[PDB]
């Protein structure tokens, strides 16, 4: 089993699903058996025991936006990912070759930490030749100046590295297309090679996203990086 983990930076609604979706379609296009899974961290659940001087303890919980109960979430994530990845999908009746994992929330979210920890551990179980990750981050731009900015993505990538994952591709999302100078800064200040910086701007129909990925040699990259046929 090969795995591609997709995470998000700086903001939510950054395009995690579309990137995972698109990577799925691209590889199926080359005749690979590909499965998708999503892990969505739940809006944090805040609890506590309240204790009056001389009367019973009330235990207060907190509604989220609204079922298995495990001892260790971290072990449960890695067991459930490994097992679902095997479940045959589409037709094809056989074990998938690539599993595209979609991690909801944004890197830096308090609620995401246990799941990022899960995958930090997992990358060493999977071994490097069968596991890579892709960080989808924002490059903002105010209309008043036109200047696209790399700082938010710089910081996001550092947060990600801090939590133990090194991004194999950085997907830079932006309103208008990214100019070579800014693409050069991302490469240089996030310490990845130029080819690992993929730029996907806002497009008028989703179909264009896979096309842009392919135009930026994503398949050649995944081929070397995961040893794919």
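Numbering follows the first chain given and starts at 1.
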Inset, instruction - Going by the record, give me the number of deposited-sequence residues missing between residue 54 and residue 55 as none, 1 to 3, 4 to 9, or 10 or more. - result: none
Legend entry - Comparing 147-155 with 109-117, the one whose average Cα B-factor in the PDB entry is higher: 109-117
Inset, instruction - Read off the CA B-factors in the entry, average them over 56-64 and over 23-31, and name the higher stretch. - result: 56-64
Legend entry - residue 161, C-alpha B-factor rank within chain (lowest, middle or highest third): lowest
Inset, instruction - Classify residue 123 as lowest, middle or highest third according to the C-alpha B-factor given in the PDB entry, relative to its own chain. - result: highest
Inset, instruction - Using the B-factor values recorded in the entry, state whether the Cα atom of residue 88 falls in the lowest, middle or highest third among the modelled residues of its chain. - result: middle
Inset, instruction - Looking at the entry's B-factor column for C-alpha atoms only, identify whether residue 101 ranks in the lowest, middle or highest third of its chain. - result: middle
Legend entry - CA B-factor placement of residue 137, once the chain's modelled residues are sorted into thirds: lowest
